[PDB]
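Single-structure report; data block below.
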Amino acid sequence: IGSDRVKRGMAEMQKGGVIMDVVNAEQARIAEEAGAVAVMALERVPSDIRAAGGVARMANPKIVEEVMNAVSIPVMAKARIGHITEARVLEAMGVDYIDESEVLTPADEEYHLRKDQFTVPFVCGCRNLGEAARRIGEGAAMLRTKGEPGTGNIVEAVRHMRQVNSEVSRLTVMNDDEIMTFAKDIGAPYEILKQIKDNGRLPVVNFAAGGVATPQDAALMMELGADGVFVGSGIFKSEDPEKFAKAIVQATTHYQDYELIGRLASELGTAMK
Amino acid sequence: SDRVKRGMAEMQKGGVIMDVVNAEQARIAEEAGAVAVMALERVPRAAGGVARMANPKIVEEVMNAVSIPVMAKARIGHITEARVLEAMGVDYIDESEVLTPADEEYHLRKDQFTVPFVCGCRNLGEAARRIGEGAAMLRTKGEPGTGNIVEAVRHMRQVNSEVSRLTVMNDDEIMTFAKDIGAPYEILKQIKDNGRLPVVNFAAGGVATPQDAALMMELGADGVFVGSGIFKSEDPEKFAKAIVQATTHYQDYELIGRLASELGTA
Amino acid sequence: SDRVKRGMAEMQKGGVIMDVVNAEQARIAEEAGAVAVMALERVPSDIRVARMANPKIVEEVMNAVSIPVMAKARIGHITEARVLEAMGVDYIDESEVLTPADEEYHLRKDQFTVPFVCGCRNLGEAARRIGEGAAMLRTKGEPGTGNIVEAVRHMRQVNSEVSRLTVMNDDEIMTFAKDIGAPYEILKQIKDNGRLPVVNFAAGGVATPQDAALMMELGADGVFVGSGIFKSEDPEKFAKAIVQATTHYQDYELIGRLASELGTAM
Amino acid sequence: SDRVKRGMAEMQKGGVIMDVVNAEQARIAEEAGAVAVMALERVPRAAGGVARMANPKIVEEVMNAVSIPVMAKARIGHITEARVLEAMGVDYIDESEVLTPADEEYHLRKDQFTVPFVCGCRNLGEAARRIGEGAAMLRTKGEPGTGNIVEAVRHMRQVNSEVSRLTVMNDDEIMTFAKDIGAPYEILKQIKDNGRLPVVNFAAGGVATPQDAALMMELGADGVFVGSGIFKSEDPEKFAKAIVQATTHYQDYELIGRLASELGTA
Amino acid sequence: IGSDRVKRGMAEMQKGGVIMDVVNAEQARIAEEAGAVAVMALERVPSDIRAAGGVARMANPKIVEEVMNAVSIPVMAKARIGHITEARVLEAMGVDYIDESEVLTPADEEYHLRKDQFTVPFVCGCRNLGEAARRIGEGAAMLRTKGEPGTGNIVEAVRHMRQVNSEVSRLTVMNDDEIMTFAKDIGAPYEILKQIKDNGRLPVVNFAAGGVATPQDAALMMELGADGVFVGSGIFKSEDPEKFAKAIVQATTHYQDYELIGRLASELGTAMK
Ligand SMILES: [Cl-]
Ligand SMILES: [Cl-]
Ligand SMILES: [Cl-]
Ligand SMILES: [Cl-]
Ligand SMILES: [Cl-]
Ligand SMILES: [Cl-]
Ligand SMILES: [Cl-]
Ligand SMILES: [Mg+2]
Ligand SMILES: [Mg+2]
Ligand SMILES: [Mg+2]
């Protein structure tokens, strides 16, 4: 169901961009006006999710369409891992992407969605080439570091991006007759690995996500080789989300303009661990 | 006589059974479209104490407020609790691990009763022993009172996987499969000749939203139990109708999406 | 070009392949009814460092018979297999019976034009060998022991997990594949094919007509035999006995008839 | 170009570098005789949270209040944080484990920068890897923010002991010394031909009293870092001058005794 | 750099050929006659060193001299690991290379020779990039797999060669700011590993050694990325050493001529474990 070309093709249009977890119209248009290339709709931002605890389910559909009605950029929404019904509901709503998101308390602790049997594209989280390849093999069209969401600490996301990238590059120059047992050893589908090698990188875009709290943070992920940046708590849990948003957008676009980043950097206190 | 008992269980297939605490709740359930109600004293309770059966005044009040079948819970292995409810004329007893067990080693001989029983399970071994004792209905154990669907998903997947694997198992391997999972070897041979369970297996344990109940039907259940999900929530009567409609129309994603418009539990 | 490699392998479905060490054993094999022969220097039994056979021994067996010839090569030994392929053998057996040359990596059999056969013991090893381009599988068994039990375990083990897979949920095959070490793509094909997309022969320990019949009863697509034939009294009758027993594995009166020789392997 | 960088580091030898939080502090430091200042947002902080680099307004304010070199900290491995400070024109960046690391496996490639770096260490292995990455300065890690000198004593003793032991090590034993301590084998051969470290190694971590700073100089340091010791204390400007004077006149025990007249930290 | 260029240059001159363990002039002539690019003087071939056991020291200098007189191809001799004066004596005899061979009883179990302070070039054993880098940093000009000498079993040489090449190739595409941690993790000199990346491969030739018993064996190591082949027990503990020799040489240089290797191989009777 669907096409890989179409799903992956669309996700690539956000390359270089910043995506913003938002909770209402106001946050949504703030996201759009500040330069976000897509929004992510949710009921409460990952910082409040770990605080509130409880069971984190998908958002009320009322919330999602109120955001879709606020913005001209693509709207993403989260669904619980394996929650077949939540994804189908979101997809019928016509969201541009669903995030099978480990930020939400799962519904299935052993099996993820068969995302190839959907038409809406899916973004899936990961921490290494084995997880990336299982999600890709399930039909994911976009990848992002799992990171450590809601902590404003970038280190975990740095670790994951570094690990996926390292394993991928190792595979791109790996002996053909060593790939099967490489795949065995990391728990990855042999043919996805064989694709990845021939493509010379991942066949989907791999964003950074979790603990981006400062412009330098975002520019750092791009320096580390991310295809783009998610950020939710870091922006709206700050003294001026409007300024923080435009700072993180410019910093991600000009991640090597070090004096623009320092200039931009003059704002105020932000999220903490 | 198992044909009678199981056959009355099947008349619930596809429906929603709701835990109810008094008569308002009882017919709020019935008005909203429930196929049955569970009479109980505290919805899943994790307050504390010892959970025994309801007072019979509470069961009787519930049977006297609706025409859809009424079930009630008894502690595991509590011979007189089950016999008392059976004399009251409930339609089903649930020998329910939601209540403090009275016997921690041996369940009731439900074949030596005339009222049909529903018992919980988590895998084919528990489902086969409860069937062998004479259960006429099965439900996942799940994780009641938590509003988290994940454990019921795990149990539905485990029961169904082992069932479906048994349906195509070599004849001469079923004995030592039965040894390995702890199951009556004849109940397993029955399950193979039937290609599914001889009883209906409902989901139960933390159904909180319309999409929850629908997910369970998508996953292969025959129906849905729901208790805390409804009344522990903002405007329950609306929650009731939505969960009933989602459980019947569980692939109508536009309908489920609309239905989802309210404010959940926790 | 995998359909053509796998299609030739099916030409032996139902037959008996025989380890022969020279022209006259190769002729005995063909006379008795072998569908193919395995050229090799020391039979699996009295093997117990083992490299490929001298090419001279191999071509002698090609020269003696008109049914296809296979020869073994050490696991992962690129130039042993390349030499064999360029001598024109019909199949190469990347065989664990020989001392492995690469303990971590097998050959990329898809990058060859001669079709390959590999051993396995479970759906995991099977899928990985198929993923590398094996065209035909055999149980690893316990070669040279005249004892069938390991081949029985391997056959039963492969067939159970295949069966489990033909009815396994779609959204579970990835976690299955991870848990058993299998290429996910191959398991989805096995499901769609309803069986393994290559033929799986029983190998290792077949010592009597009854053994060859048992393996076929158990689901195999054919039998490999080596030791139990020539390390017995009158190998020529032992061959004809086993060949007939394999094609008529449910003609039990014939097998008992046929079972009328003397001493055997181990 | 390492000669340039390290040579500007040496112009601090014998002095005191002070953590400062705004401009008053900054020139209180300079008035009292500091050789350099560390710009930071919270003096060692053990309050909590995530410690990132200072806001550039805070760094700029500090550089605009003194003429002695200004340093600032960046999280370990935070490529853009270091690049940002480098564009601001600080004199040194400290890749500082006092701040929450941004990379927990890999430190910055400091040779690919033009501003000199100071990095922490606890032994010759950490000192040799930081040097090999391009550090132009070393400081003990110690135990910052605790006012306890003991961990910096331990680290100075360990670095110096291993250095001095390396200076007289047999040529043909340095490789497997380098393996054992985790160090670049060329950096170790350099250290031997030089008879000491090629950079200056300052003490840092809980200098609270004049006798503390002097003890570090007695122990073989090239200088003293101090942050909490000064401003977290009764009348800091007096503490400042006393620690500057004790670090220069570190064997003048009558002078240190007089200087010690005030009231410490905790 | 400098006299390393010369040392390494001279070892490269045997790239593609076969070096042969010989023990007297007649064996040494067979080697040269059959096409060897070099010979290795020793007193027992690794098969007998294993069976006799005892203490295996350098060869008696007559045996070496007898061998250098008998041939015009370079002569190598073995010395115990870390035996300073065994190497110095061999150097003064004018051998062309010394093998600091772990096939001999190590005289030093903790510290190898400082090879950069000799003028004769050295070949060293290894099993992974850590050992390789440490031998290079000590001044080796040539590497070889440690294999499992005397066993006639190629599997160990295959593992060592596959590991080295895997770690090398992974290094050639490895991030600059990760080579420190990589070097630490494997026990390698950080600067040698930065070299290996720059040159895009090992800066010295790395031969296969230990267990070559048939032409197919030798050809396989060439197939695996070896720069050349050592062989000792495999020849002279076989039916016809002279025919085994030329067949090995031919098969090493034409290691993708499967028609030829097959032809060559049809003269057998070999060694085993
Ligand atoms: Cl996020
Ligand atoms: Cl009873
Ligand atoms: Cl219930
Ligand atoms: Cl066999
Ligand atoms: Cl860098
Ligand atoms: Cl400090
Ligand atoms: Cl050797
Ligand atoms: Mg900032
Ligand atoms: Mg809801
Ligand atoms: Mg004091």
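In chain D, numbers come from Swiss-Prot; the residues present are 7-50, 54-275, in order.
Per the header of the entry, the method used was X-ray crystallography, 2.8 Å.
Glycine too: its Cβ is placed from the backbone N, Cα and C atoms.
The D-ribose 5-phosphate site recorded in Swiss-Prot comprises D:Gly154, D:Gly215, D:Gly236, D:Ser237 together with one of D:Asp25, D:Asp100, namely D:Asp25.
The Cβ of D:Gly215 (D-ribose 5-phosphate binding site) has 24 other Cβ atoms within 10 Å, all protein chains considered.
Counting only same-chain residues at least 6 apart in sequence, those with a Cβ under 8 Å from the Cβ of D:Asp25 (D-ribose 5-phosphate binding site) are D:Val43, D:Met44, D:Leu46, D:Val49, D:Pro50, D:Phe234, D:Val235, D:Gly236, D:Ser237, D:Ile239, D:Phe240. Sequence-distant neighbours of D:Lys82 (active site, schiff-base intermediate with D-ribose 5-phosphate) (same chain, six or more apart, CB under 8 Å from its CB) are D:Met44, D:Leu46, D:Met62, D:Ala63, D:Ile102, D:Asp103, D:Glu104, D:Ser105, D:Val107, D:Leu108, listed in sequence order. Under the three-state DSSP scheme, D:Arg166 (D-glyceraldehyde 3-phosphate binding site) falls in the helix class. Considering only the binding-site residues D:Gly236, D:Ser237, the Cβ with the fewest other Cβ atoms within 10 Å is that of D:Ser237. Close to D:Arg166 (D-glyceraldehyde 3-phosphate binding site) in the fold, though at least 6 residues off in sequence, lie D:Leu228, each with a CB less than 8 Å from its CB.
DSSP classifies D:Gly154 (D-ribose 5-phosphate binding site) as coil under the three-state reduction. A C-beta separation below 8 Å, combined with a sequence spacing of at least six in one chain, links D:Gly154 (D-ribose 5-phosphate binding site) to D:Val49, D:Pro50, D:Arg54, D:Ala55, D:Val107, D:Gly215, D:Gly236, D:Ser237. When the Cα positions of D:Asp25, D:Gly154, D:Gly215, D:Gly236, D:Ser237 are compared pair by pair, the longest gap among these D-ribose 5-phosphate-binding residues is 12 Å.
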